[PDB]
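Following: one structure in structure tokens, then a few remarks.
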Amino acid sequence: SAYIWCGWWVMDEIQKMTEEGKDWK
Amino acid sequence: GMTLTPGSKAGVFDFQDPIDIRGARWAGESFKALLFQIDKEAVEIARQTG
Numbered sequence: 302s303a304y305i306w307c308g309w310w311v312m313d314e315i316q317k318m319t320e321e322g323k324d325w326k
Numbered sequence: 320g321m322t323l324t325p326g327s328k329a330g331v332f333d334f335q336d337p338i339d340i341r342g343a344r345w346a347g348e349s350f351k352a353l354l355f356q357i358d359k360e361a362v363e364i365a366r367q368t369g
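If you read the sequences in order, they're chains Z and C. Mapping of the first sequence onto the authors' numbering: residues 302 to 326, in sequence order. Mapping of the second sequence onto the authors' numbering: residues 320 to 369, in sequence order.
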């Protein structure tokens, strides 16, 4: 696999997408 | 102008944008990223005023 450093602001967005009924994260 | 962080809003420093606080997290990281802003302009005045 690979390694992309992403901060929690992407994970704040991702945990806001899937917990509001969005489709991709 | 010269003091932008290129992903910023140009004239507001808001602690919720990760680029303004430099990715900082919780407080002692985040607030200290204001103390870098308030320097960055205090330095820039020295350029213009001479």
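C-beta atoms are modelled at their ideal positions from N, C-alpha and C, and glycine is treated no differently.
Inset, instruction - Could you run through the region 330-364 of chain C and flag, in chain order, every residue whose CB is less than 8 Å away from some CB of chain Z? - result: Result list: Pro337, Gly342 and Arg344.
Legend entry - Outcome for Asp324(Z) when other beta-carbon atoms lying within 10 angstroms are tallied against a minimum of 16: On the first sequence, residue 324(Z) is found 23 positions in, with the first residue counted as 1. Result: exposed.
Legend entry - Nonlocal neighbours in the same chain, by C-beta distance under 6 Å from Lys351(C), ignoring five residues either side: The sequence position of residue 351(C) within the second sequence is 32, counting from 1. Result list for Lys351(C): empty, nothing under 6 Å.
Inset, instruction - Rounded to whole angstroms, what's the CA-CA distance from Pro337(C) to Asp358(C)? Just pull it up for me. - result: For the purposes of this step, residue 337(C) is identified with residue 18 of the second sequence, where counting begins at 1. For the purposes of this step, residue 358(C) is identified with residue 39 of the second sequence, where counting begins at 1. Linking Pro337(C) to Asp358(C) through their CA atoms gives a straight-line distance of about 19 Å.
Inset, instruction - Please name the residue, chosen from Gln356(C), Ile364(C) and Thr368(C), that lies closest to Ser327(C) on a Cα-to-Cα basis. - result: For the purposes of this step, residue 327(C) is taken as the residue at position 8 of the second sequence. Ranking the options by Cα distance to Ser327(C), first place goes to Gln356(C).
Inset, instruction - Go ahead and label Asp313(Z) buried or exposed: buried means 16 or more other beta carbons lie within 10 angstroms of its beta carbon, across all protein chains shown. - result: Here residue 313(Z) refers to the residue found at position 12 when the first sequence is read from its first residue. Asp313(Z) is classed as exposed because its beta carbon has fewer than 16 other beta carbons within 10 Å across all chains shown.
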